[PDB]
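**Student:** Just dropping this structure here.
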Amino acid sequence: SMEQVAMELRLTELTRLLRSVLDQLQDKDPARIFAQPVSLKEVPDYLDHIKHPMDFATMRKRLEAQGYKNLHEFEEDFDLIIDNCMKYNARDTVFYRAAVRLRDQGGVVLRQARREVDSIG
């Protein structure tokens, strides 16, 4: 149907916007601390601590399969990246501090993305 097609075009346009958001969020992580999943070879106990791991590569895979239906879903995954890190790592670590900085800087990007997604519908 043409209605299905139109919905598919909206999904595609959202996907384009979210890819630009994701690039912008990831530039706020110049150390690439959140680039890839936590390695179970190097933190074998990780899953005893963190129930839903997340990282930028995993988000990017979801994005390219047009797997985010709205901005809320994408933000949930971004928040997992930060929140997981702040639970697993202590306050005095480079990891926790990088999460705090990503959160603060990403909030600005997400504030306007919310306006763009509403605005362009």
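FYI, nothing fancy with the structure tokens labels: chains A, B, ... in order, residues from 1 per chain, ligands from 1 as they appear.
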Write out as number ranges by chain the residues lying within 10 Å of range 68-81 of chain A, counting only C-alpha atoms and excluding same-chain residues fewer than 6 positions away.
**Tutor:** A: 10-12, 14-15, 17-18, 21-22, 25, 34-35, 37, 50, 52-56, 58-59, 62, 99, 102-103, 106, 110, 113-114, 117-118
**Student:** What's around residue 86 in chain A at 10 Å? Count only C-alpha atoms, leave out sequence neighbours fewer than 2 positions away in its own chain, and write the answer as a PyMOL selection string.
**Tutor:** chain A and resi 80-84+88-91+93+95-100
**Student:** Keeping only N, CA, C and O atoms, write those residues as a PDB file, in the first residue's frame.
**Tutor:**
```pdb
ATOM      1  N   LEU A  80      21.806   3.708  28.424  1.00  0.00           N
ATOM      2  CA  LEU A  80      22.406   2.462  28.881  1.00  0.00           C
ATOM      3  C   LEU A  80      23.918   2.530  28.851  1.00  0.00           C
ATOM      4  O   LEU A  80      24.543   2.057  29.783  1.00  0.00           O
ATOM      5  N   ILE A  81      24.478   3.121  27.785  1.00  0.00           N
ATOM      6  CA  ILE A  81      25.947   3.253  27.665  1.00  0.00           C
ATOM      7  C   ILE A  81      26.523   3.972  28.917  1.00  0.00           C
ATOM      8  O   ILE A  81      27.470   3.467  29.580  1.00  0.00           O
ATOM      9  N   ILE A  82      25.856   5.078  29.274  1.00  0.00           N
ATOM     10  CA  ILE A  82      26.303   5.958  30.347  1.00  0.00           C
ATOM     11  C   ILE A  82      26.048   5.282  31.679  1.00  0.00           C
ATOM     12  O   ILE A  82      26.933   5.233  32.598  1.00  0.00           O
ATOM     13  N   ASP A  83      24.822   4.809  31.815  1.00  0.00           N
ATOM     14  CA  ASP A  83      24.380   4.321  33.134  1.00  0.00           C
ATOM     15  C   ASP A  83      25.122   3.041  33.525  1.00  0.00           C
ATOM     16  O   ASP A  83      25.408   2.848  34.686  1.00  0.00           O
ATOM     17  N   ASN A  84      25.398   2.171  32.564  1.00  0.00           N
ATOM     18  CA  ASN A  84      26.116   0.928  32.805  1.00  0.00           C
ATOM     19  C   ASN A  84      27.511   1.268  33.323  1.00  0.00           C
ATOM     20  O   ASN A  84      27.970   0.694  34.303  1.00  0.00           O
ATOM     21  N   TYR A  88      29.265   0.151  36.958  1.00  0.00           N
ATOM     22  CA  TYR A  88      30.395  -0.789  36.950  1.00  0.00           C
ATOM     23  C   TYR A  88      31.667  -0.129  37.434  1.00  0.00           C
ATOM     24  O   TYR A  88      32.364  -0.680  38.296  1.00  0.00           O
ATOM     25  N   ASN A  89      31.908   1.099  36.997  1.00  0.00           N
ATOM     26  CA  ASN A  89      33.131   1.797  37.380  1.00  0.00           C
ATOM     27  C   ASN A  89      32.949   2.782  38.519  1.00  0.00           C
ATOM     28  O   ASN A  89      31.885   3.429  38.651  1.00  0.00           O
ATOM     29  N   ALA A  90      33.974   2.923  39.345  1.00  0.00           N
ATOM     30  CA  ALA A  90      33.962   3.889  40.420  1.00  0.00           C
ATOM     31  C   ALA A  90      34.116   5.303  39.962  1.00  0.00           C
ATOM     32  O   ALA A  90      34.641   5.618  38.848  1.00  0.00           O
ATOM     33  N   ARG A  91      33.664   6.201  40.817  1.00  0.00           N
ATOM     34  CA  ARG A  91      33.731   7.649  40.591  1.00  0.00           C
ATOM     35  C   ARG A  91      35.114   8.220  40.193  1.00  0.00           C
ATOM     36  O   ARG A  91      35.246   9.167  39.396  1.00  0.00           O
ATOM     37  N   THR A  93      37.464   7.020  38.373  1.00  0.00           N
ATOM     38  CA  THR A  93      38.114   6.339  37.252  1.00  0.00           C
ATOM     39  C   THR A  93      37.969   7.131  35.980  1.00  0.00           C
ATOM     40  O   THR A  93      36.973   7.879  35.746  1.00  0.00           O
ATOM     41  N   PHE A  95      36.992   5.924  33.239  1.00  0.00           N
ATOM     42  CA  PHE A  95      35.782   5.427  32.587  1.00  0.00           C
ATOM     43  C   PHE A  95      34.582   6.194  33.073  1.00  0.00           C
ATOM     44  O   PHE A  95      33.757   6.654  32.275  1.00  0.00           O
ATOM     45  N   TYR A  96      34.432   6.303  34.392  1.00  0.00           N
ATOM     46  CA  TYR A  96      33.224   6.995  34.960  1.00  0.00           C
ATOM     47  C   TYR A  96      33.252   8.439  34.510  1.00  0.00           C
ATOM     48  O   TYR A  96      32.219   9.047  34.129  1.00  0.00           O
ATOM     49  N   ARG A  97      34.441   9.056  34.573  1.00  0.00           N
ATOM     50  CA  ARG A  97      34.526  10.472  34.236  1.00  0.00           C
ATOM     51  C   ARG A  97      34.183  10.719  32.753  1.00  0.00           C
ATOM     52  O   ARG A  97      33.553  11.755  32.412  1.00  0.00           O
ATOM     53  N   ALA A  98      34.595   9.799  31.884  1.00  0.00           N
ATOM     54  CA  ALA A  98      34.260   9.893  30.442  1.00  0.00           C
ATOM     55  C   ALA A  98      32.715   9.786  30.221  1.00  0.00           C
ATOM     56  O   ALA A  98      32.147  10.477  29.374  1.00  0.00           O
ATOM     57  N   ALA A  99      32.051   8.949  31.020  1.00  0.00           N
ATOM     58  CA  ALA A  99      30.608   8.808  30.958  1.00  0.00           C
ATOM     59  C   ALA A  99      29.927  10.120  31.361  1.00  0.00           C
ATOM     60  O   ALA A  99      28.953  10.560  30.739  1.00  0.00           O
ATOM     61  N   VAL A 100      30.422  10.749  32.428  1.00  0.00           N
ATOM     62  CA  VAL A 100      29.812  11.967  32.908  1.00  0.00           C
ATOM     63  C   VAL A 100      29.921  13.038  31.792  1.00  0.00           C
ATOM     64  O   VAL A 100      28.957  13.780  31.542  1.00  0.00           O
TER      65      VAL A 100
END
```
**Student:** Between A:24, A:87, A:61, A:13, single out the one closest to residue 36 in chain A, counting only C-alpha atoms.
**Tutor:** A:61
**Student:** Quick one: distance from CA of residue 66 in chain A to CA of residue 8 in chain A in Å, one decimal?
**Tutor:** 9.6 Å
**Student:** Considering only helix (DSSP H, G or I) as DSSP defines it on the backbone, what residues of range 29-106 of chain A qualify? List them as a ChimeraX atom specification.
**Tutor:** /A:46-49,56-64,71-88,94-106
**Student:** Go ahead and compute the interatomic distance for CA of residue 28 in chain A and CA of residue 105 in chain A, in Å to one decimal.
**Tutor:**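 Straight-line distance from CA of residue 28 in chain A to CA of residue 105 in chain A works out to 6.7 Å.
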**Student:** Nearest residue to residue 101 in chain A out of A:48, A:29, A:42, A:23, using only C-alpha atoms?
**Tutor:** A:29
